Amino acid sequence: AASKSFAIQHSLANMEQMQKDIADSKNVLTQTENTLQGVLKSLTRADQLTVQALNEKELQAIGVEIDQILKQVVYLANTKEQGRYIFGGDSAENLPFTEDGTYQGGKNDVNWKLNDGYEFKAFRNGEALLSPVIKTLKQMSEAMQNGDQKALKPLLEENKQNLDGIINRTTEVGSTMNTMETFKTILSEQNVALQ
Ligand SMILES: [Zn+2]
Ligand SMILES: [Zn+2]
Ligand SMILES: [Zn+2]
Ligand SMILES: [Zn+2]
Ligand SMILES: [Zn+2]
Ligand SMILES: [Zn+2]
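The sequence shown maps to residues 45 to 99, 104 to 243 in the authors' numbering.
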């Protein structure tokens with residue numbers, strides 16, 4: 045009986061660690077996905093308000113609300129969990145994005161690795177994804193509050209391409225979450241056998 049118990053306990057300890065690794069990972073991934081959805085919603089609203097703008105004091109008011117959206121998106125781009133920025137890669141000394149869209153985060157991604165070898169990017173350099181999001185929102189807000197109508201059609205298209213960038217990331221992140229959820233279900237089925 046003792047010999048069998050060595051094997052069952054060894055496996056059970058690997059399973060426990062993997063369960064914690066999956067729980068930790070799903071928290072970072074959920075936060076990431078929720079932040080991305082919050083950005084998608086913001087850019088959607090920015091698009092809508094810019095259509096209104098394209099369709104004197106009132107163009108400026110639209111410009112104002114786009115400014116609130118710019119602030120919300122900068123807040124969202126600076127989301128931090130477990131000591132690191134999810135869109136600021138491997139440095140957390142500074143906020144990774146300014147209100148101007150300048151990136152001051154870490155150059156490299158931070159990888160996490162499950163007990164069984166599976167690796168994913170937990171904290172990423174988000175400059176290419178979010179710097180242009182923010183820069184576009186900023187030019188949108190200024191174009192509107194300065195009554196600059198000619199600038200708006202270009203910026204509408206810029207925001208559409210930026211949003212497609214955020215949608216594709218949301219989808220990649222959804223996929224990683226689905227994988228984690230499959231790993232959990234596999235481990236649960238394996239736990240039942242052991243016990
Ligand atoms: Zn062991
Ligand atoms: Zn936390
Ligand atoms: Zn320091
Ligand atoms: Zn590796
Ligand atoms: Zn999901
Ligand atoms: Zn779950």
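The C-beta atom is built at its ideal place from N, Cα and C for all residues, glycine as well.
Assigned exposure category for residue i - 16 Cβ within 10 Å defines buried
i       : result
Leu-242 : exposed
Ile-134 : buried
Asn-226 : exposed
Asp-65  : buried
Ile-117 : buried
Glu-237 : exposed
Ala-90  : buried
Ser-69  : buried
Check: residue i C-beta below 8 Å from any heavy atom of ligand 3
i       : result
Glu-141 : yes
Nearest neighbour of residue i, chosen from the options [CA to CA]
i           : options                            : result
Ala-125     : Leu-107, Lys-155, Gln-108, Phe-145 : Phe-145
residue 252 : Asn-71, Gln-120, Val-72, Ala-140   : A question about residue 252 goes unanswered here, because the residues of the chain that appear run from 45 up to 243.
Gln-130     : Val-221, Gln-96, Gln-75            : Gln-75
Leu-87      : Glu-205, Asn-194, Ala-67           : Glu-205
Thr-150     : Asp-65, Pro-180, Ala-45            : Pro-180
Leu-177     : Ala-109, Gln-193, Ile-215, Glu-106 : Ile-215
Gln-197     : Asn-239, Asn-78, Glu-104, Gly-137  : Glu-104
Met-228     : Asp-148, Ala-51, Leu-73            : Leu-73
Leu-93      : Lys-70, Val-158, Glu-147, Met-188  : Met-188
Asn-194     : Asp-115, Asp-68, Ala-67            : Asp-115
residue 100 : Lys-48, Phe-50, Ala-57, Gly-213    : Gap note for the chain: numbering proceeds from 99 to 104 with nothing in between, so residue 100 has no coordinates.
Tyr-123     : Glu-141, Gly-82, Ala-97            : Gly-82
Any non-hydrogen atom of ligand 5 closer than 8 Å to residue i Cβ
i       : result
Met-225 : yes
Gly-174 : no
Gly-222 : yes
Identified DSSP bridge partners for residue i
i       : result
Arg-132 : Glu-129
Any non-hydrogen atom of ligand 1 within 8 Å of residue i CB
i      : result
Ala-57 : yes
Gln-53 : yes
Any non-hydrogen atom of ligand 4 within 8 Å of residue i CB
i       : result
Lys-169 : no
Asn-126 : no
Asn-163 : no
Distance cut-off 8 Å: residue i Cβ against heavy atoms of ligand 8
i      : result
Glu-77 : Ligands present in the displayed structure are limited to ligand 1, ligand 2, ligand 3, ligand 4, ligand 5 and ligand 6, and ligand 8 is not among them.
Any non-hydrogen atom of ligand 6 within 8 Å of residue i CB
i      : result
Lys-64 : no
Query raised in the report: At which residue ranges does the segment 134-222 contain complete alpha helix (DSSP H) runs of 4 or more residues, listed in the order of the chain?
Result: Listed in chain order, the complete alpha helix (DSSP H) runs (minimum 4 residues) inside the segment 134-222 are 175-193.
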